[PDB]
$ cat entry_24.txt   # compact mmCIF, N, CA, C and O atoms
# COMPACT_ATOMS: atom_id res chain seq x y z
N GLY A 1 41.69 20.82 137.21
CA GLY A 1 41.48 19.57 137.94
C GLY A 1 40.14 19.55 138.65
O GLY A 1 40.09 19.29 139.85
N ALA A 2 39.05 19.82 137.93
CA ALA A 2 37.70 19.75 138.44
C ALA A 2 37.14 18.36 138.14
O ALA A 2 37.50 17.75 137.13
N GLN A 3 36.18 17.89 138.93
CA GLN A 3 35.47 16.63 138.71
C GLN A 3 33.95 16.81 138.73
O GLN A 3 33.24 15.95 138.22
N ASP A 4 33.46 17.95 139.24
CA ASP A 4 32.06 18.36 139.20
C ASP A 4 31.93 19.72 138.49
O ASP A 4 30.88 20.35 138.52
N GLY A 5 33.02 20.17 137.86
CA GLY A 5 33.18 21.49 137.27
C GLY A 5 32.40 21.68 135.97
O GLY A 5 32.93 22.22 135.00
N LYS A 6 31.15 21.24 135.91
CA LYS A 6 30.18 21.54 134.86
C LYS A 6 29.74 23.00 134.98
O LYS A 6 28.57 23.31 135.25
N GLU A 7 30.70 23.91 134.82
CA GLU A 7 30.76 25.29 135.28
C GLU A 7 31.49 26.09 134.19
O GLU A 7 32.42 26.85 134.45
N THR A 8 31.15 25.82 132.93
CA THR A 8 31.86 26.24 131.73
C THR A 8 30.80 26.52 130.66
O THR A 8 29.73 25.90 130.70
N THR A 9 31.05 27.45 129.73
CA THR A 9 30.11 27.65 128.63
C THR A 9 30.28 26.57 127.58
O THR A 9 31.30 25.87 127.53
N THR A 10 29.33 26.58 126.66
CA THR A 10 29.48 25.97 125.37
C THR A 10 29.57 27.07 124.31
O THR A 10 28.96 28.14 124.47
N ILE A 11 30.29 26.79 123.23
CA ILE A 11 30.34 27.60 122.02
C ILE A 11 29.81 26.69 120.92
O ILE A 11 30.10 25.49 120.92
N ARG A 12 29.05 27.24 119.96
CA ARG A 12 28.39 26.46 118.93
C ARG A 12 28.44 27.18 117.59
O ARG A 12 27.82 28.23 117.41
N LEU A 13 29.23 26.66 116.66
CA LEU A 13 29.46 27.25 115.35
C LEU A 13 28.42 26.68 114.39
O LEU A 13 28.18 25.47 114.42
N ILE A 14 27.83 27.51 113.52
CA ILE A 14 26.98 27.08 112.42
C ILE A 14 27.49 27.74 111.13
O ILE A 14 27.60 28.97 111.05
N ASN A 15 27.77 26.93 110.11
CA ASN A 15 28.25 27.38 108.81
C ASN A 15 27.11 27.74 107.85
O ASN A 15 26.91 27.06 106.83
N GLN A 16 26.31 28.77 108.15
CA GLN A 16 25.09 29.11 107.40
C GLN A 16 25.43 29.88 106.10
O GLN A 16 24.94 30.99 105.87
N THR A 17 26.24 29.27 105.23
CA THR A 17 26.85 29.90 104.06
C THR A 17 26.66 29.03 102.80
O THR A 17 25.95 28.02 102.82
N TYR A 18 27.34 29.40 101.71
CA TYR A 18 27.38 28.65 100.45
C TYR A 18 28.62 27.76 100.25
O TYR A 18 28.81 27.24 99.15
N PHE A 19 29.45 27.49 101.27
CA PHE A 19 30.63 26.62 101.17
C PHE A 19 30.73 25.69 102.39
O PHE A 19 29.85 25.70 103.25
N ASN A 20 31.82 24.93 102.47
CA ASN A 20 32.34 24.16 103.61
C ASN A 20 33.59 24.88 104.14
O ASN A 20 34.25 25.59 103.37
N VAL A 21 33.94 24.70 105.41
CA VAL A 21 35.17 25.23 106.02
C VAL A 21 35.92 24.10 106.73
O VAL A 21 35.31 23.10 107.10
N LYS A 22 37.23 24.24 106.95
CA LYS A 22 38.10 23.14 107.41
C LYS A 22 39.19 23.57 108.39
O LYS A 22 40.20 22.88 108.54
N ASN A 23 39.06 24.76 108.97
CA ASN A 23 40.19 25.40 109.63
C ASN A 23 39.72 26.60 110.44
O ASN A 23 40.14 27.74 110.19
N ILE A 24 38.78 26.40 111.36
CA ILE A 24 38.27 27.51 112.16
C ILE A 24 39.17 27.62 113.40
O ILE A 24 39.20 26.68 114.18
N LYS A 25 39.92 28.72 113.57
CA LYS A 25 40.38 29.13 114.91
C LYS A 25 39.19 29.85 115.52
O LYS A 25 38.58 30.69 114.85
N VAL A 26 38.89 29.57 116.79
CA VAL A 26 38.01 30.45 117.54
C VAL A 26 38.78 30.87 118.78
O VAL A 26 39.54 30.06 119.31
N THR A 27 38.53 32.09 119.25
CA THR A 27 39.01 32.62 120.52
C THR A 27 37.76 33.06 121.29
O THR A 27 36.81 33.51 120.64
N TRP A 28 37.72 32.93 122.61
CA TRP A 28 36.59 33.34 123.45
C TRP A 28 37.03 34.00 124.76
O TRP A 28 36.27 34.15 125.71
N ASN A 29 38.29 34.39 124.84
CA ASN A 29 38.78 35.25 125.90
C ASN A 29 40.03 35.94 125.37
O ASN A 29 40.22 36.01 124.16
N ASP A 30 40.90 36.43 126.25
CA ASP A 30 42.29 36.64 125.90
C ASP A 30 43.00 35.38 126.34
O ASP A 30 43.15 35.13 127.54
N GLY A 31 43.34 34.51 125.38
CA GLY A 31 44.18 33.33 125.55
C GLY A 31 43.42 32.00 125.53
O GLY A 31 44.03 30.93 125.55
N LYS A 32 42.08 32.01 125.54
CA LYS A 32 41.24 30.86 125.34
C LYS A 32 40.91 30.82 123.86
O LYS A 32 40.07 31.59 123.39
N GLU A 33 41.59 29.96 123.13
CA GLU A 33 41.30 29.64 121.74
C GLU A 33 41.52 28.15 121.54
O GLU A 33 42.22 27.49 122.32
N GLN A 34 40.93 27.61 120.47
CA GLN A 34 41.10 26.23 120.00
C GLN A 34 40.72 26.16 118.51
O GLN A 34 40.31 27.19 117.96
N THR A 35 40.88 25.02 117.83
CA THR A 35 40.57 24.90 116.41
C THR A 35 39.53 23.81 116.15
O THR A 35 39.39 22.89 116.96
N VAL A 36 38.79 23.90 115.04
CA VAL A 36 37.71 22.98 114.73
C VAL A 36 37.97 22.38 113.34
O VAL A 36 38.28 23.10 112.39
N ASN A 37 37.84 21.05 113.27
CA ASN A 37 38.20 20.16 112.17
C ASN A 37 37.66 20.60 110.82
O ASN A 37 38.42 20.89 109.89
N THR A 38 36.34 20.56 110.64
CA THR A 38 35.63 20.93 109.42
C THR A 38 34.19 21.26 109.80
O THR A 38 33.72 20.84 110.87
N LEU A 39 33.50 22.05 108.98
CA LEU A 39 32.08 22.31 109.13
C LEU A 39 31.47 22.32 107.75
O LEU A 39 31.81 23.16 106.92
N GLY A 40 30.60 21.33 107.55
CA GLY A 40 29.85 21.12 106.33
C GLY A 40 29.08 22.34 105.89
O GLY A 40 28.87 23.30 106.63
N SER A 41 28.59 22.26 104.66
CA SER A 41 27.61 23.18 104.10
C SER A 41 26.40 23.22 105.04
O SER A 41 25.77 22.18 105.24
N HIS A 42 26.11 24.37 105.66
CA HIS A 42 25.05 24.56 106.66
C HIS A 42 25.17 23.65 107.89
O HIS A 42 24.19 23.50 108.62
N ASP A 43 26.34 23.07 108.18
CA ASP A 43 26.46 22.17 109.33
C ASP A 43 26.76 22.97 110.60
O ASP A 43 26.96 24.19 110.56
N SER A 44 26.82 22.26 111.72
CA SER A 44 27.08 22.84 113.03
C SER A 44 27.83 21.89 113.98
O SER A 44 27.76 20.67 113.88
N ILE A 45 28.58 22.49 114.91
CA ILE A 45 29.46 21.84 115.88
C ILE A 45 29.41 22.69 117.14
O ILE A 45 29.32 23.91 117.05
N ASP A 46 29.49 22.05 118.29
CA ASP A 46 29.55 22.68 119.58
C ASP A 46 30.64 22.01 120.37
O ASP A 46 30.86 20.81 120.26
N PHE A 47 31.33 22.82 121.17
CA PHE A 47 32.43 22.39 122.00
C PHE A 47 32.45 23.18 123.30
O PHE A 47 31.93 24.30 123.39
N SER A 48 33.04 22.58 124.33
CA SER A 48 33.22 23.18 125.64
C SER A 48 34.20 24.35 125.55
O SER A 48 35.10 24.38 124.70
N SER A 49 34.06 25.27 126.50
CA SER A 49 34.81 26.52 126.58
C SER A 49 35.28 26.67 128.03
O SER A 49 34.46 26.67 128.94
N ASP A 50 36.59 26.79 128.22
CA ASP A 50 37.33 26.66 129.48
C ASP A 50 37.06 27.76 130.53
O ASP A 50 37.81 27.87 131.50
N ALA A 51 36.00 28.57 130.39
CA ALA A 51 35.62 29.57 131.37
C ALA A 51 34.10 29.55 131.58
O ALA A 51 33.35 29.20 130.66
N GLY A 52 33.65 29.93 132.77
CA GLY A 52 32.25 29.85 133.18
C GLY A 52 31.37 30.92 132.54
O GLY A 52 30.15 30.75 132.51
N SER A 53 31.97 31.99 132.04
CA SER A 53 31.30 33.15 131.48
C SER A 53 32.25 33.78 130.46
O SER A 53 33.46 33.59 130.54
N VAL A 54 31.70 34.53 129.50
CA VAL A 54 32.46 35.10 128.40
C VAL A 54 31.69 36.24 127.73
O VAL A 54 30.46 36.17 127.56
N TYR A 55 32.44 37.27 127.32
CA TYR A 55 31.98 38.50 126.70
C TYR A 55 32.61 38.78 125.33
O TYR A 55 32.13 39.67 124.64
N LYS A 56 33.64 38.04 124.90
CA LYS A 56 34.30 38.31 123.62
C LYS A 56 34.54 37.02 122.86
O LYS A 56 34.57 35.95 123.46
N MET A 57 34.72 37.15 121.56
CA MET A 57 34.93 36.05 120.65
C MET A 57 35.63 36.61 119.43
O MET A 57 35.10 37.53 118.81
N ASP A 58 36.81 36.11 119.10
CA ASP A 58 37.62 36.56 117.97
C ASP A 58 37.88 35.33 117.13
O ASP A 58 38.63 34.44 117.54
N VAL A 59 37.17 35.21 116.00
CA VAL A 59 37.20 33.99 115.21
C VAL A 59 38.01 34.32 113.95
O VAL A 59 38.16 35.50 113.59
N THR A 60 38.50 33.30 113.25
CA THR A 60 39.35 33.46 112.08
C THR A 60 39.30 32.10 111.39
O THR A 60 39.67 31.07 111.96
N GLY A 61 38.72 32.07 110.19
CA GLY A 61 38.57 30.85 109.42
C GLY A 61 38.70 31.11 107.92
O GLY A 61 38.95 32.23 107.48
N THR A 62 38.60 30.05 107.12
CA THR A 62 38.77 30.12 105.67
C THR A 62 37.85 29.11 104.98
O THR A 62 37.65 28.01 105.50
N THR A 63 37.28 29.49 103.83
CA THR A 63 36.36 28.73 103.01
C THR A 63 37.06 27.60 102.26
O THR A 63 38.29 27.48 102.27
N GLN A 64 36.25 26.80 101.58
CA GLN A 64 36.68 25.88 100.56
C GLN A 64 37.50 26.63 99.50
O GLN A 64 38.63 26.22 99.21
N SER A 65 37.01 27.76 98.98
CA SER A 65 37.72 28.55 97.97
C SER A 65 38.75 29.50 98.60
O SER A 65 38.98 30.59 98.09
N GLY A 66 39.40 29.09 99.70
CA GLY A 66 40.64 29.71 100.15
C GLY A 66 40.45 31.15 100.61
O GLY A 66 41.38 31.94 100.51
N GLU A 67 39.26 31.48 101.07
CA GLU A 67 38.80 32.84 101.27
C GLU A 67 38.60 33.04 102.77
O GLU A 67 38.06 32.15 103.43
N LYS A 68 39.17 34.09 103.37
CA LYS A 68 39.40 34.19 104.80
C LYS A 68 38.47 35.21 105.42
O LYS A 68 38.48 36.38 105.03
N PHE A 69 37.77 34.79 106.47
CA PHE A 69 36.82 35.58 107.22
C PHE A 69 37.29 35.72 108.66
O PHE A 69 38.06 34.88 109.16
N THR A 70 36.77 36.73 109.34
CA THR A 70 36.93 36.91 110.77
C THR A 70 35.60 37.33 111.39
O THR A 70 34.61 37.61 110.71
N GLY A 71 35.59 37.31 112.72
CA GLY A 71 34.43 37.54 113.56
C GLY A 71 34.94 38.14 114.85
O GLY A 71 35.34 37.39 115.74
N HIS A 72 35.03 39.46 114.89
CA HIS A 72 35.65 40.25 115.94
C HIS A 72 34.60 40.79 116.90
O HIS A 72 34.02 41.86 116.66
N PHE A 73 34.38 40.13 118.04
CA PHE A 73 33.29 40.45 118.96
C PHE A 73 33.76 40.59 120.39
O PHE A 73 34.67 39.89 120.83
N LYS A 74 33.05 41.45 121.12
CA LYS A 74 33.37 41.91 122.47
C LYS A 74 32.12 42.26 123.29
O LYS A 74 32.20 42.76 124.41
N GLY A 75 30.95 41.98 122.73
CA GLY A 75 29.63 42.37 123.21
C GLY A 75 28.78 41.15 123.51
O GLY A 75 27.56 41.19 123.32
N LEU A 76 29.41 40.05 123.91
CA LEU A 76 28.69 38.84 124.29
C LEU A 76 28.29 38.96 125.75
O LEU A 76 28.90 39.70 126.51
N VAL A 77 27.30 38.15 126.14
CA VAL A 77 26.81 37.98 127.50
C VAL A 77 26.28 36.54 127.63
O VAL A 77 26.31 35.79 126.65
N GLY A 78 25.77 36.15 128.80
CA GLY A 78 25.07 34.89 128.97
C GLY A 78 26.01 33.70 129.12
O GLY A 78 27.24 33.86 129.11
N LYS A 79 25.46 32.50 129.31
CA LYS A 79 26.20 31.29 129.65
C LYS A 79 26.23 30.31 128.47
O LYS A 79 26.14 29.09 128.64
N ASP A 80 26.28 30.84 127.25
CA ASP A 80 26.37 30.11 125.99
C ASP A 80 26.74 31.13 124.92
O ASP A 80 26.50 32.33 125.10
N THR A 81 27.28 30.66 123.80
CA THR A 81 27.53 31.50 122.64
C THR A 81 27.31 30.66 121.38
O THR A 81 27.70 29.50 121.31
N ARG A 82 26.70 31.26 120.35
CA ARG A 82 26.60 30.69 119.01
C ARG A 82 27.36 31.57 118.03
O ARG A 82 27.90 32.60 118.43
N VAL A 83 27.40 31.17 116.76
CA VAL A 83 28.02 31.92 115.67
C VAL A 83 27.18 31.63 114.43
O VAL A 83 27.03 30.46 114.07
N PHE A 84 26.66 32.66 113.78
CA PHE A 84 26.02 32.53 112.47
C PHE A 84 27.05 33.00 111.45
O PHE A 84 27.21 34.19 111.24
N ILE A 85 27.80 32.07 110.86
CA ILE A 85 28.64 32.40 109.71
C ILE A 85 27.65 32.59 108.56
O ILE A 85 26.89 31.66 108.29
N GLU A 86 27.63 33.77 107.95
CA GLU A 86 26.77 34.12 106.82
C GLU A 86 27.62 34.90 105.81
O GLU A 86 28.85 34.93 105.92
N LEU A 87 27.00 35.48 104.78
CA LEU A 87 27.68 36.30 103.77
C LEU A 87 27.04 37.68 103.77
O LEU A 87 25.84 37.78 104.03
N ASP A 88 27.78 38.72 103.39
CA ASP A 88 27.23 40.05 103.15
C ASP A 88 28.13 40.80 102.15
O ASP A 88 29.05 40.21 101.58
N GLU A 89 27.86 42.08 101.92
CA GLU A 89 28.57 43.05 101.10
C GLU A 89 28.49 42.70 99.62
O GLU A 89 27.83 43.40 98.85
N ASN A 90 29.13 41.61 99.21
CA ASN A 90 29.21 41.17 97.83
C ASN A 90 29.05 39.64 97.75
O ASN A 90 29.55 39.04 96.80
N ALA A 91 28.37 39.02 98.71
CA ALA A 91 28.42 37.59 99.03
C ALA A 91 29.82 37.19 99.53
O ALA A 91 30.25 36.04 99.37
N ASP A 92 30.52 38.14 100.14
CA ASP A 92 31.81 37.96 100.78
C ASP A 92 31.54 37.42 102.18
O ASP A 92 30.53 37.78 102.80
N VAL A 93 32.45 36.61 102.72
CA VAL A 93 32.18 35.90 103.96
C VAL A 93 32.36 36.82 105.16
O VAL A 93 33.48 37.26 105.46
N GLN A 94 31.27 37.06 105.87
CA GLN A 94 31.31 37.74 107.15
C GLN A 94 31.07 36.71 108.25
O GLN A 94 31.04 35.50 108.01
N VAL A 95 30.96 37.18 109.49
CA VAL A 95 30.51 36.37 110.60
C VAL A 95 29.53 37.24 111.39
O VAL A 95 29.77 38.43 111.60
N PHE A 96 28.46 36.62 111.87
CA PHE A 96 27.40 37.24 112.63
C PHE A 96 27.12 36.44 113.90
O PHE A 96 27.66 35.34 114.11
N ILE A 97 26.27 36.96 114.77
CA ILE A 97 25.90 36.32 116.02
C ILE A 97 24.48 36.71 116.45
O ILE A 97 24.12 37.89 116.34
N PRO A 98 23.72 35.78 117.05
CA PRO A 98 22.43 36.07 117.64
C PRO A 98 22.60 36.70 119.03
O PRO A 98 22.37 36.06 120.07
N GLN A 99 23.00 37.96 119.05
CA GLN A 99 23.12 38.74 120.27
C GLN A 99 21.77 39.36 120.62
O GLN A 99 20.84 39.34 119.81
N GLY A 100 21.66 39.90 121.83
CA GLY A 100 20.42 40.33 122.44
C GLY A 100 20.54 41.78 122.86
O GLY A 100 19.77 42.61 122.38
N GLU A 101 21.51 42.12 123.71
CA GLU A 101 21.58 43.46 124.29
C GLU A 101 22.21 44.50 123.37
O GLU A 101 22.62 45.57 123.83
N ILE A 102 22.32 44.18 122.08
CA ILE A 102 22.94 44.95 121.03
C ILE A 102 22.03 46.12 120.66
O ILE A 102 21.23 46.07 119.71
N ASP A 103 22.13 47.17 121.45
CA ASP A 103 21.54 48.49 121.27
C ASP A 103 22.68 49.43 121.57
O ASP A 103 22.96 50.31 120.72
$ encode --input "entry_24.txt" --output "structure tokens"
Amino acid sequence: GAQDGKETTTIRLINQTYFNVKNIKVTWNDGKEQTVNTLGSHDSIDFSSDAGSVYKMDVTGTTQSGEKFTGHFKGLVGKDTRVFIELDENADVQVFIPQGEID
């Protein structure tokens, strides 16, 4: 019940891959999760996140070709988060992030 509570992060998904997706669960705490409608070929979406700060993100989505990826993270910082959905290993769908303190 805030009215000046512009005191929350944003999360911003980018589908930097060779498909479209239609079913992204994202999590950004223990118990803060929501779902995202669709993300075009190389498209992007951003949405509000119900906490002022965040260090983890546990994502779970699926491709056009019914192929399921995750993004298991616990090393976030800062007052925003992005997601670079990309491919690796065999052009299999991974998830990546533009992190900074990752040493």
$ residues_around --input "entry_24.txt" --residues "residue 54 of chain A" --least-positions-apart "5" --cutoff "7 Å" --atoms "only N, CA, C and O atoms" --output "number ranges by chain"
A: 28-29, 75-80
$ atom_distance --input "entry_24.txt" --atom1 "atom CA of residue 87 of chain A" --atom2 "atom CA of residue 59 of chain A"
15.1 Å
$ select_by_dssp --input "entry_24.txt" --residues "chain A" --states "strand (DSSP E)" --output "NGL selection string"
:A and (9-15 or 24-27 or 33-36 or 44-49 or 57-62 or 68-73 or 81-85 or 87-88 or 92-93)
$ atom_distance --input "entry_24.txt" --atom1 "atom CA of residue 88 of chain A" --atom2 "atom CA of residue 11 of chain A"
22.8 Å
$ residues_around --input "entry_24.txt" --residues "residue 83 of chain A" --least-positions-apart "5" --cutoff "5 Å" --atoms "all atoms listed in the file" --output "VMD selection string"
chain A and resid 12 to 14 96 to 97
$ atom_distance --input "entry_24.txt" --atom1 "atom N of residue 65 of chain A" --atom2 "atom O of residue 91 of chain A"
10.7 Å
$ residues_around --input "entry_24.txt" --residues "residue 68 of chain A" --least-positions-apart "5" --cutoff "8 Å" --atoms "only N, CA, C and O atoms" --output "number ranges by chain"
A: 60-63, 92-94
$ closest_residue --input "entry_24.txt" --among "A:26, A:45, A:95, A:102" --to "residue 81 of chain A" --atoms "all atoms listed in the file"
A:45
$ decode --input "entry_24.txt" --residues "segment 37-55 of chain A" --atoms "N, CA and C atoms" --output "PDB file, in the first residue's frame"
ATOM      1  N   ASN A  37       4.295 -12.916 -20.948  1.00  0.00           N
ATOM      2  CA  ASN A  37       3.427 -13.310 -22.054  1.00  0.00           C
ATOM      3  C   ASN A  37       4.164 -13.995 -23.201  1.00  0.00           C
ATOM      4  N   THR A  38       5.014 -13.260 -23.915  1.00  0.00           N
ATOM      5  CA  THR A  38       5.797 -13.728 -25.049  1.00  0.00           C
ATOM      6  C   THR A  38       6.993 -12.791 -25.204  1.00  0.00           C
ATOM      7  N   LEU A  39       8.067 -13.258 -25.836  1.00  0.00           N
ATOM      8  CA  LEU A  39       9.201 -12.432 -26.200  1.00  0.00           C
ATOM      9  C   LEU A  39       9.655 -12.856 -27.579  1.00  0.00           C
ATOM     10  N   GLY A  40       9.505 -11.922 -28.512  1.00  0.00           N
ATOM     11  CA  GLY A  40       9.881 -12.055 -29.899  1.00  0.00           C
ATOM     12  C   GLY A  40      11.322 -12.484 -30.084  1.00  0.00           C
ATOM     13  N   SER A  41      11.627 -12.852 -31.317  1.00  0.00           N
ATOM     14  CA  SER A  41      12.974 -13.056 -31.808  1.00  0.00           C
ATOM     15  C   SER A  41      13.783 -11.777 -31.535  1.00  0.00           C
ATOM     16  N   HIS A  42      14.818 -11.849 -30.685  1.00  0.00           N
ATOM     17  CA  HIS A  42      15.629 -10.709 -30.241  1.00  0.00           C
ATOM     18  C   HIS A  42      14.833  -9.585 -29.562  1.00  0.00           C
ATOM     19  N   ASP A  43      13.612  -9.833 -29.071  1.00  0.00           N
ATOM     20  CA  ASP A  43      12.826  -8.759 -28.454  1.00  0.00           C
ATOM     21  C   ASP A  43      13.179  -8.632 -26.977  1.00  0.00           C
ATOM     22  N   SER A  44      12.579  -7.643 -26.330  1.00  0.00           N
ATOM     23  CA  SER A  44      12.794  -7.346 -24.920  1.00  0.00           C
ATOM     24  C   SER A  44      11.563  -6.756 -24.220  1.00  0.00           C
ATOM     25  N   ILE A  45      11.478  -6.983 -22.908  1.00  0.00           N
ATOM     26  CA  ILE A  45      10.379  -6.619 -22.017  1.00  0.00           C
ATOM     27  C   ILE A  45      11.004  -6.309 -20.672  1.00  0.00           C
ATOM     28  N   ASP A  46      10.441  -5.346 -19.968  1.00  0.00           N
ATOM     29  CA  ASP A  46      10.835  -4.967 -18.635  1.00  0.00           C
ATOM     30  C   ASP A  46       9.581  -4.829 -17.805  1.00  0.00           C
ATOM     31  N   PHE A  47       9.704  -5.209 -16.543  1.00  0.00           N
ATOM     32  CA  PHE A  47       8.621  -5.181 -15.582  1.00  0.00           C
ATOM     33  C   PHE A  47       9.163  -4.850 -14.192  1.00  0.00           C
ATOM     34  N   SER A  48       8.286  -4.304 -13.354  1.00  0.00           N
ATOM     35  CA  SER A  48       8.577  -3.966 -11.975  1.00  0.00           C
ATOM     36  C   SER A  48       8.801  -5.240 -11.160  1.00  0.00           C
ATOM     37  N   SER A  49       9.546  -5.081 -10.070  1.00  0.00           N
ATOM     38  CA  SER A  49       9.979  -6.150  -9.187  1.00  0.00           C
ATOM     39  C   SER A  49       9.735  -5.684  -7.755  1.00  0.00           C
ATOM     40  N   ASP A  50       8.947  -6.448  -6.999  1.00  0.00           N
ATOM     41  CA  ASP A  50       8.319  -6.098  -5.715  1.00  0.00           C
ATOM     42  C   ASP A  50       9.284  -5.890  -4.533  1.00  0.00           C
ATOM     43  N   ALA A  51      10.593  -5.749  -4.758  1.00  0.00           N
ATOM     44  CA  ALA A  51      11.571  -5.469  -3.713  1.00  0.00           C
ATOM     45  C   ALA A  51      12.550  -4.397  -4.192  1.00  0.00           C
ATOM     46  N   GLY A  52      13.099  -3.621  -3.260  1.00  0.00           N
ATOM     47  CA  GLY A  52      13.961  -2.480  -3.544  1.00  0.00           C
ATOM     48  C   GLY A  52      15.361  -2.870  -3.995  1.00  0.00           C
ATOM     49  N   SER A  53      15.783  -4.095  -3.712  1.00  0.00           N
ATOM     50  CA  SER A  53      17.109  -4.623  -3.979  1.00  0.00           C
ATOM     51  C   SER A  53      16.983  -6.134  -4.153  1.00  0.00           C
ATOM     52  N   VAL A  54      17.935  -6.750  -4.852  1.00  0.00           N
ATOM     53  CA  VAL A  54      17.888  -8.158  -5.205  1.00  0.00           C
ATOM     54  C   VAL A  54      19.272  -8.673  -5.601  1.00  0.00           C
ATOM     55  N   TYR A  55      19.549  -9.919  -5.199  1.00  0.00           N
ATOM     56  CA  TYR A  55      20.798 -10.645  -5.396  1.00  0.00           C
ATOM     57  C   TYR A  55      20.627 -11.981  -6.125  1.00  0.00           C
TER      58      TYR A  55
END
